[PDB]
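Q: Protein chains in written order, with the UniProt record's numbering: chain A, 31 to 122, 130 to 249; chain B, 19 to 116, 125 to 238; chain C, 1 to 196; chain D, 1 to 240; chain E, 1 to 121, 136 to 241; chain F, 1576 to 1843; chain G, 29 to 241; chain H, 60 to 260; chain I, 19 to 233.
All C-beta atoms in this analysis are idealised placements derived from N, C-alpha and C, irrespective of residue type, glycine included.
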Amino acid sequence: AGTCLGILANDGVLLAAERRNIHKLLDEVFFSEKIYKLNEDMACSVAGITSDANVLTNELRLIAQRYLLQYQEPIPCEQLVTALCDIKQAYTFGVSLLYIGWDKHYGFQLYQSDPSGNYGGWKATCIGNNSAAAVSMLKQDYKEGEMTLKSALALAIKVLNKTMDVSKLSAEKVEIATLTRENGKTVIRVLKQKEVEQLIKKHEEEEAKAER
Amino acid sequence: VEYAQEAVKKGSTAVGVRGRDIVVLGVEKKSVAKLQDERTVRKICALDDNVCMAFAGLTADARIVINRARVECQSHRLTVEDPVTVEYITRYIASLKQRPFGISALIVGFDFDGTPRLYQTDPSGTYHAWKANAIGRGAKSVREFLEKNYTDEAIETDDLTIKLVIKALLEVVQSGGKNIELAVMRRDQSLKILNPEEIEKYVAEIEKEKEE
Amino acid sequence: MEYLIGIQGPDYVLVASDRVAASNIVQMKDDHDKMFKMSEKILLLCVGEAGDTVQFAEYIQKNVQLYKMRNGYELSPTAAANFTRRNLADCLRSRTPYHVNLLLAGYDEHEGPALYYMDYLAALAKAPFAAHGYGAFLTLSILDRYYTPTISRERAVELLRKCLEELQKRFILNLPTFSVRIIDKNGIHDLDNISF
Amino acid sequence: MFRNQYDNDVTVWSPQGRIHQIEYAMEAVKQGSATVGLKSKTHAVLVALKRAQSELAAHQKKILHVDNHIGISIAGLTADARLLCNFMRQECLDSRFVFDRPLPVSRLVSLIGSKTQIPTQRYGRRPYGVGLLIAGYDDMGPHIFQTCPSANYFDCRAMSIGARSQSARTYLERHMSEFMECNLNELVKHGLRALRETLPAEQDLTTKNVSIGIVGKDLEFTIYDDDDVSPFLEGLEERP
Amino acid sequence: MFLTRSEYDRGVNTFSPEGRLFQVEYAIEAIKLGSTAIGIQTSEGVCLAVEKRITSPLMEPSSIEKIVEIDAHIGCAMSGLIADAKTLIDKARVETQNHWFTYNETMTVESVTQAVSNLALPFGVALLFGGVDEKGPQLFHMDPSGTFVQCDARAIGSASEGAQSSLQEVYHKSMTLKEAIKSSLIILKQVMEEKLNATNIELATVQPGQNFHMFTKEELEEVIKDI
Amino acid sequence: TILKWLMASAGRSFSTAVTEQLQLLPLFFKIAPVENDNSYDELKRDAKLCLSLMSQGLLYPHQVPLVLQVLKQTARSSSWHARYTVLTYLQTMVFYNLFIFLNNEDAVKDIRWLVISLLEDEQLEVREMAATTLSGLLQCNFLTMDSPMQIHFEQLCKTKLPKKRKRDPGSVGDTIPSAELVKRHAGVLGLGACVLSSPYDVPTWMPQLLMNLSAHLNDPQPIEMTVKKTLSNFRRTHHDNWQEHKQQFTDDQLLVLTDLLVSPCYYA
Amino acid sequence: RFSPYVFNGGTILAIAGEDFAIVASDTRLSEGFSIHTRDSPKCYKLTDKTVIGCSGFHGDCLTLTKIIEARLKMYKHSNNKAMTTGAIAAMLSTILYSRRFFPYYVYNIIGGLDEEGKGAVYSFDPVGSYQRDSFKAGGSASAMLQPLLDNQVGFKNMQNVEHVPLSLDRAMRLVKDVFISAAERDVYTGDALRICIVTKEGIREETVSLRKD
Amino acid sequence: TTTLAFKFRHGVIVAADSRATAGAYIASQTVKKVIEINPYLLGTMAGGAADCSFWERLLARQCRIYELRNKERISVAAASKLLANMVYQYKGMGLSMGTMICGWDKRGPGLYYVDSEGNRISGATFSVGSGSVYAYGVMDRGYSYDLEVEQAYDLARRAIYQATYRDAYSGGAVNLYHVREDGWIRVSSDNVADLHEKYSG
Amino acid sequence: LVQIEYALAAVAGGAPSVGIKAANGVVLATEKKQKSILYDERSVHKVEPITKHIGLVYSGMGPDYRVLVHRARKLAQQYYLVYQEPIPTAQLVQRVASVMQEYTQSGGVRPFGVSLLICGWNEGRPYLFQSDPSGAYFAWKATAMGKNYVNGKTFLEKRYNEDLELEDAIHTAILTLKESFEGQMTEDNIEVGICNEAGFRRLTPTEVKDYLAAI
């Protein structure tokens, strides 16, 4: 199962996945991961368990690295998605992918591929569990063209509050990746525990304020 | 084959005509979603430098046809030194099988001397040349429109060709303007994919000839 | 023997090549172009062993054009140079090696102008000015003496004319005419042929 | 109705101990027109009856050249007979190239049988739906061989394969006691009278439907077509 | 009318108890689906007529080819869509040119038909090779089974038998090429029932003097001026 | 436009195909194609599916004289495409709502006269179609295999060979194969319809009847192909129970069967 | 090191005519300074209209004539007719060029009749370049025979001579003269002269004694 | 061997001699060194006669397959590029070909020097062979784009004649072709003794 | 695929295997009952070393198991050829589960009827992993396999804690087998392997006997 968000802003992109453990003793050192860096400037999230996730992820990394071997430049982000979707067209992997990246031609980007070999550029989307619930909650509240990473993280936790099943949104249960451009370099920053705590408590302070 | 041909009729309408010094090729661009980015859906793909193509049907199957024809334009250009004939790459696309793919394609462009060409591939591989044609949804009625309005005096200047294409799409494409995608060639130059402002200007001159 | 030169200024790359095809004592052609337009803002300049030049350089040409058609945007001169170097090094120890000496000129939108030196072993170097041939021996010292990084394109054509006048004075081979091009933010411009 | 569990592929034995695909290919040769082969002490004659798709079409060939000394005649699928001719012609060329001598006809026939046993035993491939009738001359005299779709080959005094060729075998077994001492013309007329008895009552041997192939001692294999069967048919008798 | 199938038909590689491959049988009598095409061999050359069935007046009639040039002395008319025939046509062209490359001579119509029929060994195309070689003008029909036969008049396609029964009657050995062209147009107009013009039939002749020649629109309408 | 109208009217209206939506048929018959459903001008294929969709629909008992009066009118036309498709139309129109016709002693006779009449036309294709629909109407027992039916078929089988005219070949005297051979082909084709009407059973009349078709193998084209397709189609369907099908034949009739060469041109 | 060739000597000769083609060769098979045999003719009947003359390395000559005979039979199978002289010429050009990089060390001269009944001579290098000639000498004493044939058959360097067509008897006299004159001075040439005459009646074949040294 | 070709206003004149040697032995005086590829292209023969013959016959085969597949005759640039792509596959192995593909395509008159080393260059005049230098001398002194037809015939005949005079490996007869807009014609086969009596007396 | 669920049916019929990840190591105990006294129990081993630092154990089908024991050991040593570093346990489970997934994609074969418990020690840190016949792999704190693995997986969930030592993890891995043993285990009819910092080793039956005496 599993679910993840992907939200495009003007100053970056995010992926916001689940970390829910199916059993009380699954360790989670191994299952903690859900964001998959693919090259210097692009990341992805899968819809599925970790085994076929790595089978997709290493092929994506290998395509990106042979592009880097040919051109000494990072692969443009639609082009890696095109390469894997042309791999998945010849196999007709019941897994959907959600890509965040930045390239020099098109800026911050947000893609979503299906198992059938198609893909689409999105401004915000969800794949996995309660996908349609999350995009119906997201189409309401995503402001197109005028959102920043502060509002994008707010939307990410607002949508994951009422679409994740976890019954109490805590920082142990969400991986948030943040892909920004910092002075000529792409920073894929997996956003850590204290900041996800600070963004959940800031979200809960807003809902408890609007309840008054 | 019949499955692949019923995949086409569900697809978007594509109109191509061939002029004296221009080939125009117009496709129904379609509202995909709300948070969808409409850049990734192309539907009009340049093949060599002088051969363009619109398809109708499955976009995952089309992309591999576009890629194989786009490689063989350069391979023909590398073995024979001259650009492909539209006859050549049409005969190559109609020769492609996978199943057959599941697209029909209008292939416009110019040959080396400077002759406009228009060709149309079927999923059964049985291409033939056209003076004007439509493929896709509502294609037979747009083709019935074009056995009335394709005359010599309706294509004699360069703008009336573009307006013939727009009037052909404006039969089945009822948005009246912004939701069609054009591309002209104007021999020896390039593709010139028409702006939403230039399409709106041409639609305005078509509408102004309707109160009269 | 076959002469190439590139002079890379602040917002341009000036490139020249000799215009002569030879067969052992005779010149068979005196309007022979050694510049192959990769994209709208990239020139490859290719000399070397006969046959291998047109084959390798037109391979690189059709693949850069294929990149543009597949992607809807061009390769940068860095990416085209590294692609060219990858193909020339991957063919080096194979059954079919290309003995070609390359200059890759080009203007990038982000990185400005670029001039790339590459020899037949496919060692790729970026250079403010570079030259192939035996005339490189006579003209790289003139370039070192008179190049400044802030050279104007009129002053760069003057410096090129100094180097070609040295070829006319001191070099043994009849190299009368020279195809001359500038790559700008506006693309590749044909200048006049520097003739003698 | 009575649907058979065991006649599916060639790699299936029936519980009766039989292979039905081989048996069913054995009557692909009775889907071919009749062909008589017979030999004397010096010659071996293949006489075949050939049919036309229309009166404007030109009478499908049945005798085929294999070498200067071997010529065959076919009954059944002429697509499998083409595979067999290409194979046999190449074996004749290979041993005229290596040993500079003609093939023993029995060695080529053994080699055909070893070729055609392979699709009788391996999956997804049908037996050859043709039977050949093989005339040849070599050091051991003339030879008449029958090969069948069962990959079994037969050394014959005289033989008929093809549709309603029982009547020719009733002729040939009756008259084989004088085939060896015939000259050429009487041996051809025996083959024609065997072929003439594979006909209905209104039909006759004409120059268009009869094809005659003769190999001999001082004669290479020659196929006598339309005008050339006139010396051989204008010496026969009226139908009894 | 109703339904008459057994247990022994549509098995792909399986003999029947009468030595028959009925999967192949029904896949040969499903290539009658093509449009009609009449070749007539005469002593003055062979002629090839085929009906064209243009869809739209926006479509070039010279872009669907139902008579192709195999070589300058051999033309071929197929029945069925062109994309099924086009590997056989390309094979025939390549075989004539390899025969020229090795042998410096023109390949016979029988040898071209044999070289195509080797590649046909189904493939579901009936072809009519008409041509001129050193044995005079010759016409060859090659059904989709791979069986080829010389024939001096032959109709392939949708009404092959009804047109073939007419070719059995108009044809004689002393027939001129213009009489053959007129007779092939009469039988095409009969099995078509449409008005006969230069947009629904192709016609090509291969004469002993000149090469393979397709009729142009002006040359074609002179023939139907007196039909 | 009215063809697209009858398209939607076929399954929706309560009284389908009124008596003036019936003179639209003979004009629709001559424009429908024959063999394939391939791309023909969107007006031929539009008329083919409209005819297929309109035979397939209930009739009233007062209406089965009127439709059959329409059918034998446009089976007497000069368009062989029309005579083919009236004979496919009758073929679907009888079996769908078949009794309605069987509860008419004059409609069954009119249909048998129509199929026997079109079984002797000049076009080979409509002769083959009339044999197919005679064999199918005789299979479902709508039409009984009479003793006058055998007499008529056997008296057509014995017509003559035409004594082929050596007149170089005439002056312009051809384009129609014959007036003599078409009768033999009609009679042989009717006997083949009778032996194909019983696909999975030999009745008592079949063995004597099937010996008659054996005497027409070497009968020239087109009679040869009809005999060969008829007898191949016979013994591909009579093999599954042949151990009791052979008991209806005599030993001098099984010997004649196996001596038949009904095999296609890619054999021998 | 192993050498895949040896020069076995041998001179061949063909002359075309109005209705004839005369192909001649010596019969000495040599090696070094030895003589293998004195009866090894270098002309080969291919069809009833075509004789090939092969000289050079004799193992390649044997292999190549066996390949040409096999290809004649393959042609007659696939095409139902014997080959023409020009078709054997073009075919042997392809056969010899298929072995471009490890060549047949064979000098081929095909002499025969064309398809209008006239004599045809085709002259090949070891890698298959051919052309149709009026006469050609190949092999061991080709540089000796070919100037005299240029003199007498070609009518070259002669003034006020009549250019009559070469008859069969005078061309036979010329063949016998040129091989006597070559048996004198070429050491690889001798021991007999096999002469094959291709006419409309067929191929008749004659032998004439030469020197034994 | 001396082979020249030059483009001028009325087509491209193709000229060659007819001498094939083997060392100092002159093997043939009657060699057809202008290879007639199809009725619209000529090639020439310098280097290996078998190599030029075979690879331009294979080009003839491929040009006729092209015209059959595409219903139009091939261009000169395409045919010469096919020939260069074919002989580039055998560099180092030892092919000896150098030739001039001459035609009239819809880009005008065409002339391309193709050799087995892989030079594929267009140009106005070319001269290939051992005596190519001696033909370049006379041809460059007499050439213009605006020659008349008979004057261009005389230029090419006299240039091949002078090349035969100086080169030992050139001789025989000059063979002059003219590639016009509708194919080529073969205008002369002039013996060098006749041209010597013509040009000196 | 349905053969993957039917291959998991052959795993759950197999003998119990229990593996527990302690703080300083990983145990892997299994059920090894001999069908009769005639069988030499010394001969065949279920707990099996792959490297000096990775061992594994199974439930299901032993002959299927040896095929992946052989191929785990090959993948491990071809890692060691390339890197001259002992393979990480997680990397080896990715390699082996890729192998075990290959026999589900290809037709004409069946999946493995075996599920592996891969243990390891690399970078001072223990690992517990389970590879299923699908080719899917899961990291575990503790889990059961084979016959009544469900009851074992909830017996473990009650007695597992993270500050647990390796000796106590041997004690509660014997107990998880003993909850389903059916008839008085001994040192000759179970088989334990431990990873620790010293590498993987399979405990000698004399060393299993004292652990059993402590219970």
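Ignore the nearest five residues each way along the sequence and tell me which others in H/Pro98's own chain have a CB closer than 6 Å to its CB.
A: Correct list, in chain order: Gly242.
Q: Along the chain, where does the beta strand (DSSP E) that runs through H/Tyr228 open and close?
A: Segment: none, H/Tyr228 is in no beta strand (DSSP E) and carries neither H nor E.
Q: Since B/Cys70 and B/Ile84 are thought to touch, with beta carbons under 8 Å apart, how far apart are those beta carbons, to the nearest angstrom?
A: No, B/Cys70 and B/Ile84 are not in contact; Cβ-Cβ is about 11 Å, not under 8 Å.
Q: So which of A/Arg218, A/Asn155, A/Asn198 has the shortest CA-CA distance to A/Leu186?
A: That would be A/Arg218, whose Cα lies nearest to the Cα of A/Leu186.
Q: Given 8 Å as the limit, is there contact between the stretch 180-196 of chain H and the stretch 151-165 of chain H, that is, 3 or more CB pairs closer than that?
A: Contact holds: three or more Cβ-Cβ distances are below 8 Å.
Q: Select from the stretch 38-70 of chain E all residues with a C-beta closer than 8 Å to any C-beta belonging to chain H, and list them in chain order.
A: Answer set for the stretch 38-70 of chain E: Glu69, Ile70.
Q: Return no unless some Cβ of chain A is closer than 7 Å to the Cβ of I/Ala187.
A: It does not; no Cβ of chain A falls within 7 Å.
Q: Would a check of beta-carbon distances place H/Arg132 closer than 7 Å to chain E?
A: It does not: the Cβ of H/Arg132 has no partner Cβ on chain E nearer than 7 Å.
Q: Taking the alpha-carbon of F/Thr1825 as reference, which of F/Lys1619, F/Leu1784, F/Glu1799, F/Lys1803 has the nearest alpha-carbon?
A: For F/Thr1825, the nearest C-alpha among the options comes from F/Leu1784.
Q: Count the other C-beta atoms from every protein chain shown that fall within 10 angstroms of the C-beta of D/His65, then say buried if there are 16 or more, exposed otherwise.
A: Buried, by the Cβ-count rule.
Q: Would you say B/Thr141 reaches chain E, if we count a Cβ-Cβ gap shorter than 7 Å as a contact?
A: Answer no: the Cβ-Cβ gap between B/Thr141 and chain E never drops below 7 Å.
Q: Cutting at 6 Å between CB atoms, please list the residues of its own chain near A/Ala94, excluding the five before and the five after it.
A: Counting only Cβ-Cβ distances below 6 Å, and skipping sequence neighbours, we find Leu68, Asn69, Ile105, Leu110.
Q: Which residues of chain C have a Cβ atom closer than 9 Å to the Cβ of H/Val197, listed in chain order?
A: By Cβ distance, chain C contributes nothing, its closest Cβ being about 14 Å from H/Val197, past 9 Å.
Q: Could you tell me the boundaries of the alpha helix (DSSP H) in which C/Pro77 lies?
A: That run of the alpha helix (DSSP H) goes 77-90.
Q: Taking the Cβ atom as the reference point for each residue, do I/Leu230 and I/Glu205 lie within a distance shorter than 7 Å?
A: Cβ atoms of I/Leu230 and I/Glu205: closer than 7 Å.
Q: From E/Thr55 to E/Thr213, what does the alpha carbon distance come to, in whole angstroms?
A: Roughly 10 Å between the two C-alpha positions.
Q: Considering only residues of the UniProt region "Bromodomain-like (BRDL)" (1650-1738) of chain F, which uninterrupted alpha helix (DSSP H) runs meet the minimum length of 4 residues and lie entirely inside it, listed in chain order?
A: Listed in chain order, they are 1655-1670, 1673-1677, 1680-1693, 1699-1714, 1722-1732.
Q: If distances are taken between C-alpha atoms only, which option among F/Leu1633, F/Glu1700, F/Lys1821, F/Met1668 comes closest to F/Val1609?
A: When only C-alpha atoms are compared, the closest one is F/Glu1700.
Q: Note down, one range per segment and in chain order, each beta strand (DSSP E) of at least 3 residues found wholly within the stretch 8-58 of chain D.
A: Counting only runs of 3 or more, we get 35-39, 43-49.
Q: Locate the beta strand (DSSP E) running through E/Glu193, then write down its first and last residues.
A: Where E/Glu193 is concerned, there is no enclosing beta strand (DSSP E), although the alpha helix (DSSP H) it sits in stretches over 191-206.
Q: Would you say G/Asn36 and G/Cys82 are within 7 Å of each other, going by their C-beta atoms?
A: Their beta carbons are not under 7 Å apart, which means G/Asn36 does not touch G/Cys82 by this criterion.
Q: Quick one: complete alpha helix (DSSP H) runs, 4+ long, within the stretch 146-231 of chain D?
A: Entirely contained in the stretch 146-231 of chain D, the alpha helix (DSSP H) runs reaching 4 residues are, in chain order, 166-175, 184-196.
Q: Could you give the first and the last residue of the continuous alpha helix (DSSP H) run that contains I/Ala115?
A: 107-123 is the span of the alpha helix (DSSP H), which, as asked, contains I/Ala115.
Q: For residue 273 of chain H, collect the residues of the same chain with a Cβ closer than 6 Å to its Cβ; drop the 5 residues on either side in sequence, then sort them by chain order.
A: Residue 273 of chain H lies beyond the residue range present for chain H, which begins at 60 and ends at 260; the question has no answer from this structure.
Q: Among H/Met145, H/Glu209, H/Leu235, whose alpha-carbon lies nearest the alpha-carbon of H/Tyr220?
A: Looking at the Cα atoms, H/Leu235 is the closest of the given residues.
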